[PDB]
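Just the one chain here, the form deposited without this ligand, laid out as structure tokens.
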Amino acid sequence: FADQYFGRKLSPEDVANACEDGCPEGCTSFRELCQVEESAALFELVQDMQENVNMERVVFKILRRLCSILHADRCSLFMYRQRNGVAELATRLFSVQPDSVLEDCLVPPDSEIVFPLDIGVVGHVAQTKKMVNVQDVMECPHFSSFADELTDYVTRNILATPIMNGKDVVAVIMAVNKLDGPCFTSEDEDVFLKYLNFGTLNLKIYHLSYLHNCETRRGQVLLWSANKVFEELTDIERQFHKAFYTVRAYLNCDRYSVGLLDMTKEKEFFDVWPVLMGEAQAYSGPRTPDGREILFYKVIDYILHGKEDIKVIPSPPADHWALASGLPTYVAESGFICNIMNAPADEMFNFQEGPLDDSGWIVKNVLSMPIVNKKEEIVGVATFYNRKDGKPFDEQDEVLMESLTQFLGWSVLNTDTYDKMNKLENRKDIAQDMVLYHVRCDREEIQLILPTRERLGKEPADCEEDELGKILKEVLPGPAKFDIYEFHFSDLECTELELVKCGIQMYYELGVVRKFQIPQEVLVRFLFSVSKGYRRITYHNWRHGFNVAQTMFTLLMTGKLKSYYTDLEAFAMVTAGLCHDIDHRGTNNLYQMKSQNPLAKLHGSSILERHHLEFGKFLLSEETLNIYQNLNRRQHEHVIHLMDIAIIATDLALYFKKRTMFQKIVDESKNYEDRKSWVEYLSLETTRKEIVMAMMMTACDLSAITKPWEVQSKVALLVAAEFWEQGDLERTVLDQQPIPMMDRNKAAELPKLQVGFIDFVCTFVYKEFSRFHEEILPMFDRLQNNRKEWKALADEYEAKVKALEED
């Protein structure tokens, strides 16, 4: 056995046979004979890993012939993973030798020998991420013997390096012996760093594929959760159940259950009497960190092995298969992402050692995390009980499930908004019921209009229309005593009770009660209710609304404006003009913007005109107060459309913008010589009739300026009083300076304001309609008369101030 001399024998002999070793392929010497065999073996290994990556099967072959080059007794791969913040190095391939099959060295998932961060050189290398060579293992300060006593093995010479993918260590491979050498001659260290360099290329491929799959799963689950969170607003239970059931093939679990925590924070006044009343001993168990009580009131568990068997527990007992472990009640005690290696071999939590069902189900890996709702408040605990792959939970699964639970916990604003919206809707319904009761006229006060308990013995509801009409024919006034067929219908003469009867009578004049077969009781009750609807403010009260209705009825009947419209379109107007000022608070539209009233926020433009419409439609929506019940759907929709064009059109702001079209229509009325054919022309057009109707909407509410001066003076005084009230109410609540007509101390300069109002806002609807129809000239003539009277008063005051200036 030579020592050093035979150095020029091996290679220089150049195998002087040309066929030695049995078969060459063109080799020259020994150095050229190892090269070709190594290249062929490495190429075969590369071809093995070409497709359908098989990490273990090929790393085993790589380590099989790497040991021999190093003379190492055994070679072993140590996989690396992370759990709940601390890394862990599992034992995947162990004791690989040149004379071993794959199954002899592979370690199944239920046979790992995991090492922590620091214990042993296997962990010191992971912390260092560098090579370590230990000549004798007794000398190094850090070295574990836990892998010595089980294996019945003794180690005396180690050589380990970690497999790194950038900055993240993937695994560590360590030769455990040297055999024919005491201290791992450094010549072997370089080749070990190099021969294992292209074997690292496959470990990182496997790691990259695993990470890609995990992140694809996370993206899919997040997208599905976002899909089904936004479907609709639902309570917490249904939303969470939907979002959890919808994504169950991506979690790769077998069983997982979601527990819900009761959110009763503060007990109610009588709940806590007994506790300090010498009974009902107070709670003493664990508490949620925020200070609440831990009480799972609903647990939904999903089973994915065998059959879905999805079931809900409405009040789980203490011996539930999920809550009995004591882990779900511990995540509620403090917010931690609990992760367990071996559930059966645990002391803190009492996991059942035996099976649970005939299928033989034993829990091995558990992962529980809380559901925080963006307020650091624990809302529930979701626990996953195993993996389909069979391997214990890794860090990627932890990140995936943490992301899912974090998104779901963030998705509690939807349920909170659902509850708030339900409460607000219920409160609005209650308020509407109150208003309806306080506006509708009761049975004991409807007898003023039609007395049926005196004439008959029956309640008003328990009567026939033919018999009901007999009372009306007598109580209702005639068409001549109150002359509702005139343009100078004085209002202050009659009491507020007579106006309801006048309204009913003019509803009878149109011939509409019997045309659409509406019920008389409902009509009377609706008139009384709408009369009660108006407030008691100075001017805009029931009197003004009924005056508008009567003026428009006079326009239709004695103004010959009824020819264009049918009887149905006249039913929808006398009703719309009668309730157009139904809930007026005195303040005009401009005030709602400056006072930040809720009316301004609800409605953009025409704050108060658009608000009377909704109240008016609400009043005639419920039965026993609805006079449109018998109308079919088409007629009812047409009437709704007519009212919604009518009530809003009474606004003066919309009057100014949209007067030119009415002027054009009136001008176009002059090229038709036969006014009996203009009726035919205009009785078919829709938009033209709508414009004319919206114009007569505001040509009648601006009335009381065309009435005899005796009535006009009092009406003007009432209007000025209302404006002064608004102005006085404006310099204290808003602390501003009212406009001159709203100054109570500016009352002397009233007539000039009146003449300015007449010549600017008025005298256009009253001139175009006079030109359109000569039938409606008297209102224009009286308007001019009142204008001249107010100008005379203005000149009188001008003379007074002039005398003050030149006395």
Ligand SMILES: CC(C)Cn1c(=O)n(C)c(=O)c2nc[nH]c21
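Think of the rigid core as the biggest set of C-alphas that the two forms share within 1.5 Å after superposition. The numbering used is simple: start at 1 and walk along the sequence shown.
Although not depicted, the form solved in complex with this ligand is the subject of the following passage.
- Screening 619, 243, 642, 705 for any heavy atom within 4.5 Å of this ligand in the entry with it bound leaves a single hit, 705.
- When you look in the entry with it bound, the only residue of 723, 528, 662, 192 with a non-hydrogen atom within 4.5 Å of this ligand is 723.
- With this ligand left out of view, the stretch that reaches within 4.5 Å of it through heavy atoms in the entry with it bound is, among 753-761, 27-35, 769-777, 43-51, 753-761.
- The closest heavy atom approach of residue 224 to this ligand in the entry with it bound falls outside 4.5 Å.
- Although the partner is absent from this view, residue 539 contacts this ligand in the entry with it bound, with a non-hydrogen atom inside 4.5 angstroms.
- When this ligand is considered in the entry with it bound, residue 513 lies well away from it, no heavy atom lying within 4.5 Å.
- Taking non-hydrogen atoms only, residue 719 approaches this ligand to within 4.5 angstroms in the entry with it bound.
- Core-superposed comparison between the shown form and the other one: the C-alpha position of residue 15 differs by no less than 2 Å.
- Once the cores line up, the CA of residue 25 ends up 2 angstroms or more apart between the shown form and the other one.
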